[PDB]
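2 protein chains.
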Amino acid sequence: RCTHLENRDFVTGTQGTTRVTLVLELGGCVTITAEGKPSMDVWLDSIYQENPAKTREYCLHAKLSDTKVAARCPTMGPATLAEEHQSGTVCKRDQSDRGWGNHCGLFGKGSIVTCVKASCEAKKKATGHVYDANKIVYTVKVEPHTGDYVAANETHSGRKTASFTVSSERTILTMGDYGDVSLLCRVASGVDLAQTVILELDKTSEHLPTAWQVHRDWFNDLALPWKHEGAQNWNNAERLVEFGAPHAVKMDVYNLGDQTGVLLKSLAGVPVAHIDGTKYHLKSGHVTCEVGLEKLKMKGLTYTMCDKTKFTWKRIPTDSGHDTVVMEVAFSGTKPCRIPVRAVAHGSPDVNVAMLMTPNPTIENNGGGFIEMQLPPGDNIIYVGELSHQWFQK
Amino acid sequence: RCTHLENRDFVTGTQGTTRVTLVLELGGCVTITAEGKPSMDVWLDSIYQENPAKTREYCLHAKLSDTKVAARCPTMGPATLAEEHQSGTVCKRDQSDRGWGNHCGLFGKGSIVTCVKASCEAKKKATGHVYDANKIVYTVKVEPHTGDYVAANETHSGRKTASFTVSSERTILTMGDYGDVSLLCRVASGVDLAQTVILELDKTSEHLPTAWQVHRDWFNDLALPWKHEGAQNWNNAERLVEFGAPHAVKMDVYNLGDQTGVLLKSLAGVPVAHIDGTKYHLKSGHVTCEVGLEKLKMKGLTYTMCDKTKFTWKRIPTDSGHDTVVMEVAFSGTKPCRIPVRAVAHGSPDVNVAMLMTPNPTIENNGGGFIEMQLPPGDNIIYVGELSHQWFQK
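In order, the protein sequence lines correspond to chains AAA and AAA'. A prime marks a further copy of an entry chain.
So in the entry's author numbering the end of the first sequence lands on 395, straight run, no missing numbers.
So in the entry's author numbering the end of the second sequence lands on 395, straight run, no missing numbers.
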């Protein structure tokens, strides 16, 4: 959740910097590191609104019923059945080729209308929701970068959270023993959340997708029948119906079937949005923080060095990703000790080249001893006391 | 089925014409009329092949099962589960973001493939058939134009049929008592019936359409998984599957759902082809006939005129459509009599202007006495003996 996340920046300062101003986008993480304070990771974990507002619904499959055909003789009048008074029904008026051998009198064209009742099928609804900047929640998380951490989904009593609305952006956070990071987070959505919609389908028992963040323009002009929250019936039922020509005095009525394919066509390469029932997640957004570290303290520098021998390599210094070396160690002897780390560049043994992200590495009780250092390029030798390993830097 | 059909031509001759050469397209009708013979209607009723050849099938909805995920550590190797040996299965290879907190060792990208089994759903097949000129059947129908007929779907022992293959186009036809129309019909398909296909869906209990005559090019490049007649499994299953990105070591697999809408989209305004189980109907085609009437005879001219009074109007001379006047009459007295018809143009009473399509109109037992005449333009008076009615001609 930070050595992991490919989207990792650092931020470093003069000791007499004490504000930092970042942007955090989603599921990027930043490691802030600063002279004589402990490196923190800050990151933006979640944007969402709970019970967002429902928008129009869309029919993806029509239920057609009661084909109604009424037709008049070519002088007589024009025809009507009065179900074109009603809604959630689809009606075409044609003229039918009418003679004698079709119960008429004059040879001519003999006005005809057929209507049909259009309802939507059991669970083939598609449902918008809209966001309100005033109701949305931005979640930043701080966690010290000491790596007395766990593996990628197990919390931690240092590792704290701050939740910002638009309307409240000024939390202070207690980092186990290290003191207080302050946060100030000017919220910034992305689009007009009156121009942006979470679109949902019904979970139709497959490996098929449920949900998409999508512009409110595109949604609103979709090719489908629609209503607002549980309404009478459907406007634009005719989007899903089509009529035959008239033979005689009958006129065929068709269901252009199931738009599910058609919609997921539309949505090709739109990536799916996320949802925890209540909580609707934005996929897009960022937030911009003033991270106030005038008030962190070091991991207890109050401790005596680990006996320089009793270390063994939990993890071989391995390439990190983000342009650092990281290593775990086990040190069997005494308990809470400050660790002796150092590394040096062939040529020059009397000068330490280790630039630590892991400033005052300790081995604690439960455990500890992850080290992240950045090293000059070339053949170096890394030392945790006497324990050593090679390193080449590219 | 001929005063009805908007698509009616006539053909008329010198008495010493005896061949006629027509084209008949489908569900157009021609009325041939000729000095001192009885007017016939000829027309092309049906083109079809029985049990046409099946082509590829197309899947309109996939059944996905057994998502199989296998992934390797970023030095280790590349990954395989061996279900990408198999077919009717869909496999993507990605690289997954792999670290320490994902059971690995090196920080890197750690080759992963997931496969899924793709079968097609209960009755969501789409099925071509192809035509063979050698196997197709062209049906012409002759029926005398005396209108001792019925109403638009009740046969008649005069009204005869001739069925032409490519390979046999020379029937002679016995018209009740009138003699023999000969027919010679040089068959002409339309498209290469190796470039033309009846496309079918499964009758999915709606007012939805089943069938379409369609070019074999378009069909063959459709966006769907396919097999030949009941095969192992499906090629191009991947047309209907799509994969998530890889989180960790898992990689999501999706069903782009139901192509029915998508296909009927494609087919918008293609009009539906027809099918009687065995018999597949072309919607397009025509056939070109030499109609040999050197051998028709008149309705029995052997009869005495109807008493000129005892006629009453079954149907008022009404506009036909096709540029003729048509009328029915009832004549209560004696029985088989030849009818006295005539009409005249204000100005000039001593000269008959009635040009009959209904040359030797009789009233028979069961019944009779439909008259179709064509009249010069202006105020005329039509007379069946003494019975009379006005006519204006435009």
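Cβ atoms here follow ideal geometry from the backbone N, Cα and C, with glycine treated the same way.
Open item on the list: Can you find the residues in the same chain that come closer than 6 Å, C-beta to C-beta, to residue 19 of chain AAA', ignoring five residues on each side of it along the sequence?
Closed with: Counting from 1 along the second sequence, the entry for residue 19 of chain AAA' is found at position 18. These residues qualify, in order along the chain: 295.
Task: Whole-Å CB distance - residue 450 of chain AAA' paired with residue 47 of chain AAA', under 8 Å assumed - done: Because chain AAA' here runs from 2 to 395, residue 450 of chain AAA' falls outside it and cannot be looked at.
Task: Length-filtered (4 minimum) alpha helix (DSSP H) runs lying within the stretch 244 to 275 of chain AAA - done: 261 to 267
TODO: Just the chain AAA' side, please: which residues come within less than 7 Å of residue 263 of chain AAA by C-beta, in chain order?
DONE: Along the first sequence, read from residue 1 onward, the residue named residue 263 of chain AAA stands at position 262. Near residue 263 of chain AAA (Cβ distances below 7 Å), the residues of chain AAA' are 262, 263, 266.
Task: Helix, strand or coil at residue 95 of chain AAA' according to DSSP, with G and I counted as helix - done: One-based indexing of the second sequence puts residue 95 of chain AAA' at position 94. In the structure shown, residue 95 of chain AAA' sits in a strand (DSSP, three-state: E or B).
Open item on the list: What would DSSP say about residue 85 of chain AAA, mapped onto helix, strand or coil?
Closed with: As a first step, residue 85 of chain AAA must be located in the first sequence, where it is residue number 84. Note: residue 85 of chain AAA maps to coil in three-state DSSP.
Task: Helix, strand or coil at residue 228 of chain AAA' according to DSSP, with G and I counted as helix - done: Here residue 228 of chain AAA' refers to the residue found at position 227 of the second sequence. The answer is strand: DSSP assigns residue 228 of chain AAA' an E or B state.
- [ ] Kindly indicate the opening and closing residues of the beta strand (DSSP E) around residue 187 of chain AAA'.
- [x] The count along the second sequence starts at 1 and reaches residue 187 of chain AAA' at position 186. Unbroken beta strand (DSSP E) run through residue 187 of chain AAA': 186 to 189.
- [ ] Grab me the residues of residue 302 of chain AAA's own chain with a C-beta within less than 8 Å of its C-beta, minus the 5 sequence neighbours each way, in chain order.
- [x] As a first step, residue 302 of chain AAA must be located in the first sequence, where it is residue number 301. Answer for residue 302 of chain AAA: 339, 361, listed in chain order.
Task: Residues that residue 393 of chain AAA' contacts on chain AAA, provided the C-beta gap is smaller than 8 Å - done: Looking up residue 393 of chain AAA' in the second sequence gives position 392. Here the premise fails: no neighbours, minimum Cβ distance about 15 Å.
Open item on the list: For the stretch 6 to 20 of chain AAA' against the stretch 374 to 389 of chain AAA, do three or more pairs of beta-carbon atoms, one drawn from each stretch, fall closer than 8 Å, so that the two count as touching?
Closed with: no
Task: Whole-Å CB distance - residue 257 of chain AAA paired with residue 243 of chain AAA, under 8 Å assumed - done: By 1-based counting over the first sequence, the position of residue 257 of chain AAA is 256. By 1-based counting over the first sequence, the position of residue 243 of chain AAA is 242. Going by Cβ atoms, the distance from residue 257 of chain AAA to residue 243 of chain AAA rounds to 6 Å, so yes, they are a contact pair.
- [ ] Consult DSSP for residue 238 of chain AAA and reduce its assignment to one of helix, strand or coil.
- [x] Translated into the one-based positions of the first sequence, residue 238 of chain AAA becomes position 237. Correct three-state label for residue 238 of chain AAA: helix.
Open item on the list: Just checking: is the beta-carbon of residue 213 of chain AAA within a distance shorter than 9 Å of some beta-carbon in chain AAA'?
Closed with: Residue numbering aside, residue 213 of chain AAA sits at position 212 when the first sequence is read from its first letter. No, because no Cβ of chain AAA' sits closer than 9 Å to the Cβ of residue 213 of chain AAA.
Task: Rounded straight-line distance, which links the Cα of residue 225 of chain AAA' to that of residue 1 of chain AAA - done: Here chain AAA covers residues 2 to 395 and nothing more, so residue 1 of chain AAA does not appear.
Open item on the list: Which residues does DSSP list as the beta-bridge partners of residue 329 of chain AAA?
Closed with: Along the first sequence, one-based indexing puts residue 329 of chain AAA at 328. Its beta-bridge partners are AAA/316, AAA/371.
Open item on the list: Distance check for residue 363 of chain AAA and residue 192 of chain AAA, CA to CA, integer angstroms please.
Closed with: Position 191 of the first sequence holds residue 192 of chain AAA. Position 362 of the first sequence holds residue 363 of chain AAA. Distance between the alpha carbons of residue 192 of chain AAA and residue 363 of chain AAA: 46 Å.
Open item on the list: Within 9 Å of any Cβ in chain AAA, is that where the Cβ of residue 108 of chain AAA' sits?
Closed with: Residue 108 of chain AAA' sits at position 107 when you count from the first residue of the second sequence. Chain AAA contact via Cβ: present.
Open item on the list: Under DSSP, the alpha helix (DSSP H) around residue 108 of chain AAA begins and ends at which residues?
Closed with: Along the first sequence, one-based indexing puts residue 108 of chain AAA at 107. Taken as a continuous stretch (DSSP letters only), residue 108 of chain AAA belongs to no alpha helix (DSSP H), as it is neither H nor E.
Open item on the list: Helix, strand or coil for residue 42 of chain AAA? Go by DSSP, reduced to three states.
Closed with: Stepping through the first sequence from its first residue, residue 42 of chain AAA is reached at position 41. In the structure shown, residue 42 of chain AAA sits in a strand (DSSP, three-state: E or B).
TODO: Check the Cβ-Cβ distances between residue 103 of chain AAA' and every residue of chain AAA, and say whether any is below 9 Å.
DONE: Position 102 of the second sequence holds residue 103 of chain AAA'. It does; some Cβ of chain AAA falls within 9 Å.
Task: Closest residue to residue 93 of chain AAA' among AAA'/100, AAA'/106, AAA'/101, AAA'/112 (Cα-Cα distance) - done: In the second sequence, the residue the question calls residue 93 of chain AAA' occupies position 92. Minimum Cα distance to residue 93 of chain AAA' is reached at AAA'/112.
Task: Residues near residue 42 of chain AAA in its chain [Cβ-Cβ closer than 6 Å; skip 5 each side] - done: The residue labelled residue 42 of chain AAA in the question sits at position 41 within the first sequence. Once the five neighbours on either side are set aside, the close Cβ partners of residue 42 of chain AAA are 3, 30, 32, 144, 146.
Task: Counted within 10 angstroms of its Cβ, other Cβ atoms place residue 190 of chain AAA' as buried (16 or more) or exposed - done: As a working note, residue 190 of chain AAA' is residue 189 in the second sequence. The residue in question, residue 190 of chain AAA', is buried, as its Cβ has 16 or more Cβ neighbours within 10 Å.
TODO: Starting from residue 259 of chain AAA, find everything on chain AAA' with Cβ-Cβ shorter than 7 Å and list it in chain order.
DONE: Translated into the one-based positions of the first sequence, residue 259 of chain AAA becomes position 258. Near residue 259 of chain AAA (Cβ distances below 7 Å), the residues of chain AAA' are 259, 261, 262.
Open item on the list: Quick check on DSSP: helix, strand or coil for residue 311 of chain AAA?
Closed with: Sequence index remark: in the first sequence, residue 311 of chain AAA carries index 310 (1-based). The answer is coil: DSSP assigns residue 311 of chain AAA none of H, G, I, E or B.
- [ ] Could you tell me if residue 248 of chain AAA' is buried or exposed, where buried requires 16 or more neighbouring beta carbons within 10 angstroms of its beta carbon?
- [x] As a position in the second sequence, residue 248 of chain AAA' is number 247, starting the count at 1. So residue 248 of chain AAA' ends up on the exposed side.
Open item on the list: Here's the rule I'm using: 16 or more other beta-carbon atoms within 10 Å means buried, otherwise exposed. How should residue 83 of chain AAA' be labelled?
Closed with: Counting from 1 along the second sequence, the entry for residue 83 of chain AAA' is found at position 82. Flag for residue 83 of chain AAA' reads exposed.
Open item on the list: If we require 3 or more residues per run, which beta strand (DSSP E) segments fall completely within the stretch 151 to 226 of chain AAA?
Closed with: 161 to 165, 173 to 176, 180 to 183, 186 to 189, 198 to 202, 212 to 215
Open item on the list: I need the straight-line Cα distance from residue 347 of chain AAA' to residue 356 of chain AAA', nearest angstrom please.
Closed with: Looking up residue 347 of chain AAA' in the second sequence gives position 346. Looking up residue 356 of chain AAA' in the second sequence gives position 355. About 16 Å.
TODO: Mind checking which residues open and close the beta strand (DSSP E) that includes residue 391 of chain AAA'?
DONE: Mapped onto the second sequence, residue 391 of chain AAA' falls at position 390. That run of the beta strand (DSSP E) goes 388 to 394.
Task: Proximal residues to residue 227 of chain AAA (C-beta, below 8 Å), its chain only, five neighbours per side dropped - done: As a first step, residue 227 of chain AAA is located in the first sequence; it is residue number 226 there, counting from the start. Excluding positions up to five away in sequence, the list reads 57, 58, 59, 60, 235, 236, 237.
Open item on the list: Could you check whether the Cβ of residue 46 of chain AAA' sits closer than 9 Å to any Cβ belonging to chain AAA?
Closed with: Along the second sequence, one-based indexing puts residue 46 of chain AAA' at 45. So, not an interface residue.
Open item on the list: Taking 9 Å as the threshold (C-beta atoms), are residue 203 of chain AAA and residue 124 of chain AAA in contact?
Closed with: Sequence index remark: in the first sequence, residue 124 of chain AAA carries index 123 (1-based). Sequence index remark: in the first sequence, residue 203 of chain AAA carries index 202 (1-based). Cβ atoms of residue 124 of chain AAA and residue 203 of chain AAA: closer than 9 Å.
Open item on the list: For the beta strand (DSSP E) containing residue 57 of chain AAA', name the first residue and the last one.
Closed with: Here the question's residue 57 of chain AAA' lines up with position 56 in the second sequence. Per DSSP, residue 57 of chain AAA' belongs to the beta strand (DSSP E) from 54 to 60.
Open item on the list: With three or more C-beta pairs closer than 8 Å as the rule, is the stretch 173 to 190 of chain AAA' touching the stretch 71 to 82 of chain AAA'?
Closed with: no
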